[PDB]
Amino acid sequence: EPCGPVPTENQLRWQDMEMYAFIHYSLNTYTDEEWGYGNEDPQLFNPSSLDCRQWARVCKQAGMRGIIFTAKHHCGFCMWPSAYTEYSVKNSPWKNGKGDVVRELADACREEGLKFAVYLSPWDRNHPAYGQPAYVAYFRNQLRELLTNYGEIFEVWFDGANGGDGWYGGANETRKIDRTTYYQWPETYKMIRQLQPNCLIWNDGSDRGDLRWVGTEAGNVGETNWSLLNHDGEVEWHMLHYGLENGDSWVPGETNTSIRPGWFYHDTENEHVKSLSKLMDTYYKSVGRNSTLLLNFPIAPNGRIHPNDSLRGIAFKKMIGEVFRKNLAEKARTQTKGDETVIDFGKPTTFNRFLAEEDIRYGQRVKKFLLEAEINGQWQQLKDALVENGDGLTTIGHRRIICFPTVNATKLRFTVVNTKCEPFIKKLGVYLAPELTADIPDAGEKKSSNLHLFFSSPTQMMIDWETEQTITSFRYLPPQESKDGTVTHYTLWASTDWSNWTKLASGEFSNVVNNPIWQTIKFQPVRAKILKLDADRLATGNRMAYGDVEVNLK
């Protein structure tokens, strides 16, 4: 009964995993860097307390259905005793060079009932022949090892990220490849299919794999999300984030992000494990937007996931269970006339979530829908409160969840406005999510939790919005866990065009160490799109830290 491209059985089961974990752990875990350069010393790999069973337990307790593990990241250090390199745990002090992290994690996923997956970085900064054909054969030999010796692999991840320069066996060169042709993916893809016929291939930047990136690391996919791409030709950013309405291939998007600002463990980020409200936001913008959530939990130098991350994951899984515990549509009278479905609760009913699912076994069909609630005898249009322009009511696909201000309503109407073919709605749901407040245990809410906060480097932090903003003040809170990167001087810029621009500040945080209270920066209202905070000397370290920041508006 189909309509446009349809997913394979593998792609259906993957989609139903809903959330699974990423785990990043490499030599740069020990150098406090997001990337390793390729000459990090394997002697660094010496955790005091490694336990892959803890990783699996933590992930399972956050509601993850599997784990994708960095068997090898960009620096090229291998987490399993490959036959093809010495740059691996064969030559680390951990278990006297006799350990295999891929094995222990595979076993632990098995023990905890989690699916297991591997990330094998195509870009390799250690290998002397990177960018030459000999590295391609090395890559495949290693991939053969991972898909032969560790049981069932649910996904294989080929990062598109490439920074050009690396140690490269001592050459210290910057090397350029043609990403469309260098890795020779088709021969590699055949091997994957042969060794692991149930495995889904994620790739970005070249030959289409079974899954696609969503074009950002922030943890969202488009409010419009077609699980389609075309098989051939270049993929624009817009196609990653929103998919392609008439794409000739089912290539569903995977929403990847970290539970911390960085992918790897950093001590200064222990205070910034994303809050419950931020993760719920990500949930609604991944699982709630026809995607899966790939949430990264990094391993600390001691070989364990940090307890902050663990506690937050549990609070997250708990809240998701609470929001969706009671489908209010279940007791209601539901009927469909034409393109209109009315859920009649029979009495005034309080809710703030709507959920629809298409039966995507038969493809993705809905292009546009409407939501109305009958409030005091009058129909009122609802919209997606998480979408800034438009009502956000376009595609549905695997699952679409719509948040809106809580209403007290006797009926809700769901209308399929536009569709490719006759829609097959497999499920409809209505729910009352509880208030997200700071005092929820382990929620970790901060004033900055849902600001788009990132750094450029350790003098400078930046904030930005989607729309343009009239900013009347800015506040800085020093770190309260430890004082390592406390900011003493500060200068603060605003901007409308990303060109850094205009200066608000010049100051000095007074007695900020012996008195870590909120610091307020005074300035005339600026219209701005971006803020820019400079650390002008850092009290005890090399990366500026903060407890929290607040941006006030008109």
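Just count from 1 along the sequence shown to find any residue number.
S.K.: Between 68-76 and 228-236, which has the larger average Cα B-factor in the PDB entry?
M.R.: Of 228-236 and 68-76, the stretch with the higher C-alpha B-factor average is 228-236.
S.K.: Quick one: say whether 158-166 or 411-419 has the higher mean Cα B-factor in the deposited entry.
M.R.: Taking the mean B-factor of the alpha carbons in each, 411-419 is higher.
S.K.: Which of these, 27, 50, 512, 59, has its C-alpha atom at the highest B-factor, as the entry lists it?
M.R.: Largest recorded C-alpha B-factor: 512.
S.K.: Which of these has the highest Cα B-factor in the record: 117, 305, 396, 477?
M.R.: Highest CA B-factor of the listed options: 477.
S.K.: Tell me, lowest, middle or highest third: where does the Cα B factor of residue 498 rank within its chain?
M.R.: Top third by C-alpha B-factor.
S.K.: When the deposited Cα B-factors of this chain's modelled residues are ordered and cut into thirds, is residue 32 in the lowest, the middle or the highest one?
M.R.: Ranked within chain, residue 32 CA B lands in the middle tercile.
S.K.: Could you say whether, by C-alpha temperature factor, residue 293 belongs to the lowest, middle or highest third of its chain?
M.R.: For residue 293, whose C-alpha B-factor we compare with every modelled residue in the chain, the answer is the lowest third.
S.K.: Please place residue 455 in the lowest, middle or highest third of its chain according to the CA B-factor in the PDB entry.
M.R.: Its C-alpha B-factor belongs to the highest third of this chain's values.
S.K.: Sorting the chain's modelled residues by C-alpha B-factor, tell me whether residue 465 ends up in the lowest, middle or highest third.
M.R.: Top third by C-alpha B-factor.
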